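Taking the form deposited in one PDB entry, here's one chain by itself in structure tokens.
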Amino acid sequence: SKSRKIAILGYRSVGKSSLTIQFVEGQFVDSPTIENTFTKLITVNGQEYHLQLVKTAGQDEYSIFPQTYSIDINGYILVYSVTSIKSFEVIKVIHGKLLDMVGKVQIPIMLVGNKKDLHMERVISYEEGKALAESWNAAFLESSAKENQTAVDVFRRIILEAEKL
């Protein structure tokens, strides 16, 4: 089995913890906001993976980008909320500072718009975030931390993008 380490980046309250618990624990529960690493076995294309999932502390436009992430990470999930215009604007900034940090080592990157279950609360269309991912040449998905199958699909997509390198 292979070992891979995945950093989950994003603004606060966009659902980094909830997506990662929905994937690791199989369930949607609460009870962090402080960085935490989760382990998880998964098979992608018949290949077994040991995953260290780093759910980061949550970054704003000003919070410095930590180098530690760059040093050992194999893929980055950038999550925003489809109910928060601020988190979408923040993920653009996060992306530039992460490219500023690894330089241009063509590292697996993926954009996720979370909370797609909140139909009445949506302010960002699917197409708006899909255009953003394509201008980055990154994979795009909309997820809901209430729906296990969209959580699982985010995490096996970032490993798919990692095998391609």
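One rule holds for the numbers: they count along the sequence shown, beginning at 1.
Unmodelled stretch separating residue 31 from residue 32: 1 to 3 residues (count of deposited-sequence residues without coordinates). Checked against the record, the higher mean CA B factor of 130 to 138 and 95 to 103 lies with 95 to 103. 65 to 73 and 108 to 116 differ in mean CA B-factor, and the higher of the two is recorded for 65 to 73. Highest CA B-factor among the listed residues (36, 125, 45, 52): 36. Compared with the other modelled residues of the chain, the Cα B-factor recorded for residue 159 ranks in the middle third. In the PDB entry, residue 8 places in the middle third of its chain by CA B-factor. Residue 147 sits in the middle third of its chain by CA B factor, as recorded in the PDB entry.
The protein also exists as the form deposited with a small molecule bound; that form is not presented, and the subsequent description refers to it.
In the deposited bound form, the small molecule lies farther than 4.5 Å from every heavy atom of residue 93. The shortest heavy atom separation between residue 7 and the small molecule in the deposited bound form is within 4.5 Å. Within this chain, residue 69 lines the site of the small molecule in the deposited bound form, having a heavy atom no more than 4.5 Å away.
Interface residue remark: residue 126 is not counted as part of the site for the small molecule in the deposited bound form, having no heavy atom within 4.5 Å. Contact with the small molecule in the deposited bound form, defined as any heavy atom within 4.5 Å, is confined among 129 to 137, 58 to 66, 44 to 52, 104 to 112 to 58 to 66.
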